[PDB]
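J.: A single structure is presented below for examination.
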Amino acid sequence: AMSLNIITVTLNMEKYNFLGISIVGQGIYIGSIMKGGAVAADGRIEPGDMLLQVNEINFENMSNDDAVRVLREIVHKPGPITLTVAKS
Ligand SMILES: O=C(O)c1cc(Br)ccc1NS(=O)(=O)c1ccc2c(c1)CCCC2
């Protein structure tokens with residue numbers, strides 16, 4: 001029962017305006033993590049992690065443009081953000 005290295009992270013976003021991440025690729029990967037963001041504060045998500053799902057949206061075959069657009073609309077809405085990432 002070796003780990004599949006799939007981790008799910010729920011951020012409450014009460015104290016943070018933004019995830020504070022950049023993304024690369026077209027899978028979609030965490031390119032970098034910004035200081036002062038909810039992701040940096042939580043600390044679980046790292047650069048090179050592959051983005052599988054954020055809230056109700058799957059990211060597995062999505063353009064970089066479409067990924068940036070969807071993430072803004074998700075971060076714009078108030079309430080928790082759940083990210084599912086592949087660490088392998
Ligand atoms: O929240 C992010 O880090 C983010 C990442 C990508 Br990739 C695309 C969009 C993102 N969110 S965002 O709504 O554009 C955003 C980015 C920065 C900030 C905000 C929103 C809110 C004010 C503080 C600075």
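Ordering of the structure tokens sets the chain letters (A, B, ...), residue numbers begin anew at 1 in every chain, and ligands are numbered from 1 in the order given.
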Leaving out residue 74 in chain A and any residue of its chain fewer than 5 positions from it, which residues lie within 10 Å of it when counting only C-alpha atoms, given as an NGL selection string?
T.: :A and (18 or 54-57 or 69 or 79-81)
J.: Export C-alpha atoms of the chosen residues as a PDB file, in the first residue's frame?
T.:
```pdb
ATOM      1  CA  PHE A  18      -5.224  35.385  -2.333  1.00  0.00           C
ATOM      2  CA  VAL A  54      -9.638  23.274  -7.289  1.00  0.00           C
ATOM      3  CA  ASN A  55     -13.199  23.401  -5.814  1.00  0.00           C
ATOM      4  CA  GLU A  56     -15.474  21.955  -8.591  1.00  0.00           C
ATOM      5  CA  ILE A  57     -12.971  22.413 -11.522  1.00  0.00           C
ATOM      6  CA  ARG A  69      -8.896  32.862 -15.488  1.00  0.00           C
ATOM      7  CA  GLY A  79     -15.439  30.944   1.233  1.00  0.00           C
ATOM      8  CA  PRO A  80     -13.011  27.979   1.528  1.00  0.00           C
ATOM      9  CA  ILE A  81     -10.743  26.841  -1.398  1.00  0.00           C
TER      10      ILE A  81
END
```
J.: Which of range 2-46 of chain A counts as helix (DSSP H, G or I) under DSSP, as a list in words please?
T.: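 Taking range 2-46 of chain A and keeping helix (DSSP H, G or I) only, one gets residues 38, 39, 40, 41 and 42 of chain A.
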J.: Can you tell me how far atom 24 (C, counted along the ligand's line) of ligand 1 sits from CA of residue 27 in chain A, in Å to one decimal?
T.: 24.5 Å
J.: Closest to ligand 1 among A:21, A:1, A:41, A:86, using only C-alpha atoms and all ligand atoms?
T.: A:21
J.: Taking only C-alpha atoms and all ligand atoms into account, which residues are within 10 Å of ligand 1, as a PyMOL selection string?
T.: chain A and resi 16-24+28-34+36-39+64-77
J.: Write down as a ChimeraX atom specification the residues belonging to chain A that are assigned strand (DSSP E) by DSSP computed on the backbone.
T.: /A:6-11,21-25,28-33,50-54,57-58,81-86
J.: May I have the residues from that selection written out with N, CA, C and O atoms, as a short mmCIF file (atom, residue, chain, number, x, y, z; two decimals), in the first residue's frame?
T.:
```cif
data_model
loop_
_atom_site.label_atom_id
_atom_site.label_comp_id
_atom_site.auth_asym_id
_atom_site.auth_seq_id
_atom_site.Cartn_x
_atom_site.Cartn_y
_atom_site.Cartn_z
N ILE A 6 -1.25 11.69 -3.52
CA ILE A 6 -2.36 12.66 -3.75
C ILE A 6 -2.74 13.28 -2.41
O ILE A 6 -3.15 12.53 -1.51
N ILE A 7 -2.60 14.61 -2.27
CA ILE A 7 -2.96 15.34 -1.02
C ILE A 7 -4.02 16.40 -1.34
O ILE A 7 -3.92 17.05 -2.41
N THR A 8 -5.04 16.49 -0.49
CA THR A 8 -6.14 17.50 -0.58
C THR A 8 -5.95 18.53 0.54
O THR A 8 -5.71 18.11 1.69
N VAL A 9 -5.97 19.81 0.18
CA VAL A 9 -5.69 20.96 1.09
C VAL A 9 -6.89 21.92 1.03
O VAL A 9 -7.20 22.41 -0.07
N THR A 10 -7.56 22.14 2.17
CA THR A 10 -8.67 23.11 2.32
C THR A 10 -8.15 24.36 3.05
O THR A 10 -7.66 24.21 4.19
N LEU A 11 -8.19 25.51 2.39
CA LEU A 11 -7.81 26.84 2.94
C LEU A 11 -9.08 27.65 3.23
O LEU A 11 -9.93 27.75 2.33
N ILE A 21 0.14 32.15 -5.48
CA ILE A 21 0.86 31.16 -6.32
C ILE A 21 0.99 31.71 -7.75
O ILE A 21 0.17 32.57 -8.13
N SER A 22 2.04 31.29 -8.47
CA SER A 22 2.11 31.31 -9.95
C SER A 22 2.01 29.88 -10.48
O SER A 22 2.33 28.95 -9.72
N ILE A 23 1.50 29.71 -11.71
CA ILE A 23 1.33 28.37 -12.35
C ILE A 23 2.06 28.37 -13.70
O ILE A 23 2.22 29.45 -14.30
N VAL A 24 2.55 27.19 -14.11
CA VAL A 24 3.24 26.95 -15.41
C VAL A 24 2.67 25.66 -16.02
O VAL A 24 2.10 24.85 -15.27
N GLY A 25 2.83 25.50 -17.34
CA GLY A 25 2.47 24.28 -18.08
C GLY A 25 1.11 24.39 -18.74
O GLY A 25 0.49 25.46 -18.64
N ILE A 28 -0.89 21.25 -15.35
CA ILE A 28 -0.71 22.57 -14.68
C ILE A 28 0.00 22.35 -13.35
O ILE A 28 -0.49 21.54 -12.54
N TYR A 29 1.13 23.04 -13.13
CA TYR A 29 2.01 22.88 -11.95
C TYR A 29 2.12 24.22 -11.21
O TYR A 29 2.05 25.28 -11.86
N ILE A 30 2.35 24.16 -9.89
CA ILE A 30 2.73 25.34 -9.06
C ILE A 30 4.15 25.77 -9.44
O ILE A 30 5.09 24.99 -9.16
N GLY A 31 4.28 26.89 -10.15
CA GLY A 31 5.57 27.44 -10.61
C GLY A 31 6.37 28.05 -9.47
O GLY A 31 7.60 27.86 -9.44
N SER A 32 5.68 28.76 -8.57
CA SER A 32 6.28 29.47 -7.41
C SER A 32 5.18 29.76 -6.37
O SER A 32 3.99 29.65 -6.73
N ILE A 33 5.58 30.10 -5.14
CA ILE A 33 4.65 30.43 -4.02
C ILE A 33 5.04 31.79 -3.44
O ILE A 33 6.22 31.97 -3.08
N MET A 50 1.58 19.14 -8.97
CA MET A 50 0.66 19.20 -10.13
C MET A 50 -0.77 19.41 -9.63
O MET A 50 -1.22 18.64 -8.76
N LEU A 51 -1.45 20.43 -10.17
CA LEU A 51 -2.84 20.81 -9.82
C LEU A 51 -3.82 19.87 -10.52
O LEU A 51 -3.83 19.85 -11.76
N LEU A 52 -4.58 19.07 -9.75
CA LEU A 52 -5.58 18.10 -10.26
C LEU A 52 -6.97 18.74 -10.28
O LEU A 52 -7.67 18.61 -11.30
N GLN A 53 -7.38 19.34 -9.16
CA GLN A 53 -8.74 19.91 -8.96
C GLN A 53 -8.67 21.07 -7.96
O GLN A 53 -7.88 20.98 -7.00
N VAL A 54 -9.39 22.15 -8.24
CA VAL A 54 -9.64 23.27 -7.29
C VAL A 54 -11.15 23.53 -7.22
O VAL A 54 -11.75 23.79 -8.28
N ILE A 57 -13.63 22.37 -10.18
CA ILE A 57 -12.97 22.41 -11.52
C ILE A 57 -11.77 21.46 -11.54
O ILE A 57 -10.84 21.66 -10.73
N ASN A 58 -11.75 20.54 -12.51
CA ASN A 58 -10.59 19.67 -12.84
C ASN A 58 -9.65 20.42 -13.79
O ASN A 58 -10.15 21.06 -14.73
N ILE A 81 -11.30 27.38 -0.12
CA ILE A 81 -10.74 26.84 -1.40
C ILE A 81 -10.05 25.51 -1.10
O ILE A 81 -9.16 25.48 -0.23
N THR A 82 -10.48 24.44 -1.78
CA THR A 82 -9.91 23.07 -1.66
C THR A 82 -9.09 22.75 -2.92
O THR A 82 -9.67 22.81 -4.02
N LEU A 83 -7.79 22.50 -2.75
CA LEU A 83 -6.86 22.13 -3.85
C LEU A 83 -6.44 20.66 -3.67
O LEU A 83 -6.07 20.29 -2.54
N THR A 84 -6.59 19.86 -4.73
CA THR A 84 -6.09 18.46 -4.80
C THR A 84 -4.89 18.41 -5.75
O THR A 84 -5.04 18.87 -6.90
N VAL A 85 -3.72 18.01 -5.24
CA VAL A 85 -2.43 18.06 -5.99
C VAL A 85 -1.78 16.68 -5.98
O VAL A 85 -2.02 15.91 -5.03
N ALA A 86 -1.02 16.37 -7.04
CA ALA A 86 -0.11 15.21 -7.14
C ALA A 86 1.31 15.63 -6.76
O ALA A 86 1.84 16.57 -7.39
#
```
J.: To one decimal place in Å, what is the distance between CA of residue 87 in chain A and CA of residue 42 in chain A?
T.: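 Straight-line distance from CA of residue 87 in chain A to CA of residue 42 in chain A works out to 15.8 Å.
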J.: Using only C-alpha atoms, find the one residue out of A:88, A:12, A:3, A:26 that sits nearest to residue 59 in chain A.
T.: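 Among the listed residues, the smallest separation from residue 59 in chain A belongs to A:26.
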